[PDB]
Structures are given as structure tokens and as C-alpha cells.
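# part one of the complex, left exactly where it sits:
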Amino acid sequence: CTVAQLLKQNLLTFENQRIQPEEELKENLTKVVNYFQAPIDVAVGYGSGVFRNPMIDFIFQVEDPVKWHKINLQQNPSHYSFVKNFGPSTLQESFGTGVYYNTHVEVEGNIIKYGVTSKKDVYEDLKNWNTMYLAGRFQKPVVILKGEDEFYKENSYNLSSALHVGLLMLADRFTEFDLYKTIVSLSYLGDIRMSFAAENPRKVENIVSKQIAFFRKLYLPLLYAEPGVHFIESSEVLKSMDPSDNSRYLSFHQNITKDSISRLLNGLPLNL
């Protein structure tokens, strides 16, 4: 594969999001997601365990959390930290909100950490950016183990919106490195608040530099299709560049008018 092939990716089938891991590592993560009996609608993998002893982080989007946590309690009560009372407690309030994390849980010889959240509040964030605490996590390279094509359709507008905010911040001439570092800076605090990011946070430069091939697969097709954003490098260097190359970063030019900025600004989910 080459960087030029990344530009002609089918955006209507969401080919830019179809990031699959190593064939050995793939079904190893399917082994741990098919282990759970409770119905998982969308399974997400991310972190140092997926994008390579390390712990593999997961996100489980569920039809509804109270019933999912019920069945998982019957299957794996050792994952939780329960309370035994002396009286004849809390039933729904503990599981009905936010994302519930279970850390350092062994499943198939893998130390896993999975957060369970409502699929509805993820989709609402992916299209409205109510808090962007969830959407910001998916503006970065992730692996979808289950429910892929349904999730790609909902995240496409989120990815597009992320690039638009980047174009709003960067000037006339910018490099792809400045763009990825900017997109990462948007969700940095939110990923710390949601316990998404590495348990000890990494540097912005290191996040992008080590995942440059997947940041390109995500956003380079959106840059090629975005009207008014021109590639400066010729097609000869794009056909000869490996996506994981950090020796050269592509530079861009964008048309910056009063109408272009207002078009970018008004096409995002967070304006009244």
C-alpha cells in the first residue's frame, strides 16, 4: 500500500475507517469479546494493547446498561467490586449512567479493561458533540471488533467534523503533522477525564508519530475530498511513500475566505 492509494479510498463505504489489526491479533480480540454472554452491540479496541504483558483496553456499547450488567454479573462476578450489606442497597443508579469500567481483569490470559456504556449516548455524542468525551475518542485510530458497518456510518460525520475544526485552527499552509497533533489536542483532556488514554498519558508527538499510518488512512481521504484544500506534494512522491513513513510529512494549502470559515464553522454540531 502507498500514500496515494489512501487518497482514493471509498468514502461512501467508509473505507477510511476500516482499520483491522493483525490477523493473529484480530481473532485473539474476538476470543475475548465473544466470551461475554451479555449482548454487545459495538466492540471497540484501542490503546497500547491493540496498536502495538500490556493491558488491552475495550469499550462495549450496549442496547441498555442495566440488563447487560445483570447478565455479566451472573457470568463474571469477579470482575466487579460489590458491596455486602447487613440489612435486608442500590439497583439501577449504579449502572444506568456514564461508562462503567472494570480494570485488570483476566479473560483469556489477557489482562483486559473494558468500559460499558449506552450505545444511544455514544451515537448522540457522535452526531451532536454534547460533551465530545465519547466522540473525541473515535476521532483517533480505533479498531471495531463488532458492529462495524453500523458504527462507521455514525462516526463518519464525527471524523469529518474533526478535520473541519483542524482546518479552522491551522493557517494557510500546514503540514499533516500539525493537523493530527491538533486533532489529538482536541480530545486529550477528554480522554483523560474518561480514563480512555494510556493510564499514564503519552506525548502528543508520540501519539501521532507512532500511529501515522492510521491517522493518514483516516484523514487523508477527507482532505482529498474536502473542497479548497490542495496537496502541495506531487503525485510521484505520494505513489512512492509508505503510509508509516515519518521521514516526510505532507504539506497542504487551503483557501481561507470569510465564506470558507463561516462554511466550516456553521457545519459543525456545536453552534446552538
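On my side now, so go ahead. Residues are numbered from 1 along each chain as shown, chains lettered A, B, ... in the order given.

# Residue A:151 - that's part of a strand, no?
No. Secondary structure of residue A:151 (DSSP: H, G, I helix; E, B strand; the rest coil): helix, not part of a strand.

# doesn't residue A:40 make contact with it?
No. The criterion here is Cβ atoms under 8 Å, and residue A:151 misses it with residue A:40 at 11.9 Å. Placement of C-beta: from N, CA and C, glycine included.

# Identify the contacts common to these two.
residue A:61 (Cβ atoms under 8 Å, 6 or more residues apart in numbering).

# how many neighbours does residue A:187 have?
As a burial measure, residue A:187 scores 22 neighbours (other Cβ atoms under 10 Å).

# hang on, it in a helix?
Yes. Counting by three-state DSSP, residue A:187 falls inside a helix.

# neighbours of the residue nearest to it when sequence neighbours are not counted, just the number please.
Spatially, and ignoring its direct neighbours in sequence, residue A:187 is nearest to residue A:136 (2.8 Å; Cβ to Cβ, 6 or more residues apart in numbering). Counted by other Cβ under 10 Å, the residues lying close to residue A:136 total 24.

# show me what contacts residue A:136?
For residue A:136, counting by Cβ under 8 Å, 6+ apart, the contacting residues are A:186-187, A:190-191.

# Could I get the full set of helices for chain A?
With DSSP state H as the criterion, chain A has helices at A:3-7, A:23-33, A:65-75, A:119-128, A:135-138, A:148-169, A:176-193, A:204-210, A:212-225, A:235-238, A:258-266.

# Adding distance to residue A:58, write those out as a markdown table.
As requested, these are exported to a markdown table (distance: least, Cβ to Cβ, whole Å):
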| stretch | distance to residue A:58 |
| --- | --- |
| helix A:3-7 | 27 |
| helix A:23-33 | 7 |
| helix A:65-75 | 13 |
| helix A:119-128 | 14 |
| helix A:135-138 | 12 |
| helix A:148-169 | 14 |
| helix A:176-193 | 15 |
| helix A:204-210 | 19 |
| helix A:212-225 | 18 |
| helix A:235-238 | 35 |
| helix A:258-266 | 34 |
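
# out of those, which comes closest to residue A:56?
Nearest to residue A:56 among these is helix A:23-33; the distance by Cβ to Cβ comes to 7.0 Å.

# can you pull the alpha-carbon coordinates of the closest one into PDB?
Coordinates of each C-alpha in helix A:23-33 appear next as PDB, following Å, rounded to 0.1, in the frame of the first residue of the first chain:
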ATOM      1  CA  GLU A  23      -4.900 -11.500  11.600                       C
ATOM      2  CA  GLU A  24      -3.300 -13.200  14.600                       C
ATOM      3  CA  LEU A  25      -4.200 -10.400  17.000                       C
ATOM      4  CA  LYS A  26      -7.700 -10.000  15.500                       C
ATOM      5  CA  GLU A  27      -9.500 -13.200  16.500                       C
ATOM      6  CA  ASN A  28      -7.500 -13.100  19.700                       C
ATOM      7  CA  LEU A  29      -9.600 -10.000  20.500                       C
ATOM      8  CA  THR A  30     -12.700 -11.700  19.100                       C
ATOM      9  CA  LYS A  31     -12.000 -14.500  21.500                       C
ATOM     10  CA  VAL A  32     -12.300 -12.100  24.400                       C
ATOM     11  CA  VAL A  33     -15.400 -10.300  23.100                       C
END
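
# tell me what that helix is packed against?
strand A:56-62, strand A:143-146 (3 or more Cβ pairs under 8 Å, 6 or more residues apart in numbering; DSSP states H and E).

# Please export the C-alpha coordinates of the longest one as PDB.
In PDB, the C-alpha atoms belonging to strand A:56-62 read as follows (Å, rounded to 0.1, in the frame of the first residue of the first chain):
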ATOM      1  CA  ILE A  56      -5.800  -4.300  26.200                       C
ATOM      2  CA  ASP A  57      -8.500  -1.600  26.600                       C
ATOM      3  CA  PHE A  58     -12.000  -2.100  25.400                       C
ATOM      4  CA  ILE A  59     -15.300  -0.200  25.000                       C
ATOM      5  CA  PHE A  60     -18.600  -2.000  25.000                       C
ATOM      6  CA  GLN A  61     -21.600  -0.200  23.600                       C
ATOM      7  CA  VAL A  62     -24.800  -2.000  24.700                       C
END
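
# put chain B on too:
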Amino acid sequence: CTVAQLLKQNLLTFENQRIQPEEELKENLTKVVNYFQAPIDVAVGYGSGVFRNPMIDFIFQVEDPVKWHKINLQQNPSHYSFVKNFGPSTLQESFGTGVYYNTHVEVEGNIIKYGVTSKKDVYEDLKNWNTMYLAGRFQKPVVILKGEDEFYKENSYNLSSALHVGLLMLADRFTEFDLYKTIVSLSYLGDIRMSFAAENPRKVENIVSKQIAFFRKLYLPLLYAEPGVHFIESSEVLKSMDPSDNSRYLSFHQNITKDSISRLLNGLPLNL
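Now chain B, sitting on the chains shown earlier:
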């Protein structure tokens, strides 16, 4: 004044925050602030009307919004956009929330736009970062027309925490430009969501470059006092540098250990 003088600023008296404008513009601003009959506790000035026809932006922090708006309604009812009902109807739900804005208002020959919010909820954000929508605004150069010494004390931990997040994101060697651009990237989306930022948003490089003298007054003393962060430039060039000089950007080195990053991380308000 020189960049070297900015390094030995009295942090105990919050001298790094005491940003006062031109003497002619300062009296022109307090004439607008003192015009309001309702009691304003902390008057904030920001935007292109303060850091220079343009509209001047304000933020009024009040002890209680419902009784503040009642006094301002009977004094300036033309500022608001009221409703008239045919029946003999909200009362408190319209003002006991968020920040209420009145846009394109003349006060004293100046077209101004002032937002009113609870001083209690500002201090809750300046200390805990519940949403950082309000705190992110004061991580950037602002002018305090009223309630300075009481506001500076509450914002000092906010500024210090902002620099710590920047150090979490920047690598071993970084420039002051990289630090300011990163700090701005943290509050960029939050300022759009709160209508703080200019009604047409500006590029990050322009926000920093045109305000470099005040970003230096804010954060250079904090970098001097921060343990493990050393200035690379010699004291001879710091004594010959004007704070508003964009020709040279100071570079830094920081010591990056697992205990240094954990100290920065756990010293922040947003982790349970």
C-alpha cells in the same frame, strides 16, 4: 520592560496576571463597567476590543444572577429580547443557568457584548474543571476591570494547571510557541461552545503571535518556577528581548520521568 524581567515576577501577588491596558482604553472600559447599576463583582474584558469600530466583549461575574438581571432589566430593557404574552411564562429558569449574553449593545458610544454568569460557578470551574468551559477562557490573556485581587487568587491554580497539561503533551524539547499554541488548543472548542471566541474564530498561530507579550507575562514566570523546566537561552538574550518580539521564540527542556509525569497528572483537578 524585557523578557528577563518577566521571569522574576512576584507570583505571590499574582503579578503574572495583572494585565492592564492603555490608560485611555482602561478608563474607557471602566466607564462602560461602572455604567451598569446592577452589582458586578468581577468584570472581565477580552477579545479584539481589548487587545487591539470593533465590538468589545465582557464577562460579568455576579453574586446572584436572578436579582442581577432584575436590576439590569429595569435599567436597560432594550438590551434584552423579551416576550409579551396574551395570558395573565418563565421566571427563574431563564436566568438561573449558564451564561446569559446581550449582543451588540451600545453603552457609552461603544458597541459591546456582555455575558453574565454566577461568580460561584466560575470559581467552581476555576478550581475543579467541572467542564473547563469557563476556566479555559481565563487560561488566556484577559483584562480584569473589577474585582482583580480576589479573582487573581482563584485563577492562579487554573493557570498553573494549564501549564502542567501543556508539559504533559509537549516532549523533552519544546518552544514557548509550542506551549502557547497547545494551551490555546485546549480551550478552542470550549470557547466556541460558550460564544467566548471572536464571532468569526481566529487561527491558533494568530491568537498567540499577536498576543505573545501577554502569553509571556502569564506563563514565563510559571516556567521559571516550575521544577525540572530549564531555559535554554542565556540571560543575555532574555535581557535584550522585548516581550512582544516574534522574531525569536524561547526554547525549553523538561525532565521527563515516570514520577514527573505522575506528579503532573495527579496534581490536576479532573481525576476523581
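
# please look at the contacts of residue A:136 again, because chain B has been put in.
Residue A:136 makes contacts with A:186-187, A:190-191, as judged by Cβ atoms under 8 Å, 6 or more residues apart in numbering or on different chains.

# so which of these also contact chain B?
residue A:186 (Cβ under 8 Å from any Cβ of the partner chain).

# among the contacts of residue A:136, which ones are buried?
Among these, those classed as buried by neighbour count (16 or more other Cβ atoms under 10 Å in any protein chain shown) are A:186-187, A:190-191.

# which pair in those spans the largest distance?
A:186 and A:191 (10.0 Å).

# circling back to that earlier point, now flag whichever of the buried ones among the contacts of residue A:136 is closest to chain B.
Within the buried ones among the contacts of residue A:136, the smallest distance to chain B is 6.2 Å, found for residue A:186 (Cβ to the nearest Cβ).

# hang on, that closest one packs against residue A:164?
No. Counting by Cβ under 8 Å, residue A:164 is not a contact partner of residue A:186; they are 11.3 Å apart.

# quick one: contacts for the closest residue to chain B within the stretch 51-200 of chain A?
Here the residue of the stretch 51-200 of chain A nearest chain B is residue A:185; by Cβ to the nearest Cβ that distance is 4.0 Å. Neighbouring residues of residue A:185 by Cβ under 8 Å, 6+ apart: A:204, B:169, B:182, B:185-186.

# circling back: want to throw the contacts of residue A:136 into a markdown table with distance to residue B:48?
Shown next, in a markdown table, are the contacts of residue A:136 (distance: Cβ to Cβ, whole Å):
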| residue | distance to residue B:48 |
| --- | --- |
| A:186 | 24 |
| A:187 | 28 |
| A:190 | 28 |
| A:191 | 32 |
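
# which one of the contacts of residue A:136 is nearest residue B:29?
residue A:186 (32.7 Å).

# contacting residues for that closest one?
Counting by Cβ under 8 Å, 6+ apart, residue A:186 has contacts A:132, A:136, A:139, A:162, A:165-166, B:185, B:188-189.

# same check, this time on residue A:110
A:28, A:32, A:49, A:56.

# of these, closest to chain B?
When the contacts of residue A:110 are compared for distance to chain B (Cβ to the nearest Cβ), residue A:49 wins out at 19.1 Å.

# so that closest one touches residue A:32, yeah?
No. The criterion here is Cβ under 8 Å, and residue A:49 misses it with residue A:32 at 10.5 Å.

# Tell me which of those two has more neighbours.
Neighbour count, other Cβ atoms under 10 Å in any protein chain shown: between residue A:49 and residue A:32, residue A:32 has more, with 22 against 19.

# Run a quick neighbour tally on the residue nearest to that one when sequence neighbours are not counted.
Excluding the flanking residues, the one nearest residue A:32 by Cβ to Cβ, 6 or more residues apart in numbering or on different chains is residue A:107, at 4.7 Å. Counted by other Cβ under 10 Å, the residues lying close to residue A:107 total 17.

# how much space is there between residue A:107 and residue B:240?
Using Cβ to Cβ, to the nearest Å, we find residue A:107 at a distance of 62 Å from residue B:240.

# List of residues touching stretch A:50-61?
Contact with stretch A:50-61 is made by A:21, A:25, A:29, A:32-33, A:36, A:40-49, A:68, A:99, A:104, A:110-119, A:122, A:137, A:141, A:143, A:147, A:151, A:196, A:210-211, A:214, as judged by Cβ under 8 Å, 6+ apart.

# if you set the cut-off to 7 Å instead, what comes out?
A:21, A:29, A:40-49, A:104, A:110-117, A:119, A:122, A:141, A:143, A:211 (Cβ atoms under 7 Å, 6 or more residues apart in numbering or on different chains).

# Please narrow the residues you listed to those residing in strands.
A:42-46, A:104, A:111-117, A:143 (DSSP state E).

# Pull the most distant pair out of those.
Using Cβ to Cβ, the two most remote members of the ones in strands among the contacts of stretch A:50-61 are A:42 and A:104, lying 23.1 Å apart.

# residues in contact with residue A:47?
The neighbours of residue A:47, taking Cβ under 7 Å, 6+ apart as the test, are A:56-57, A:198.
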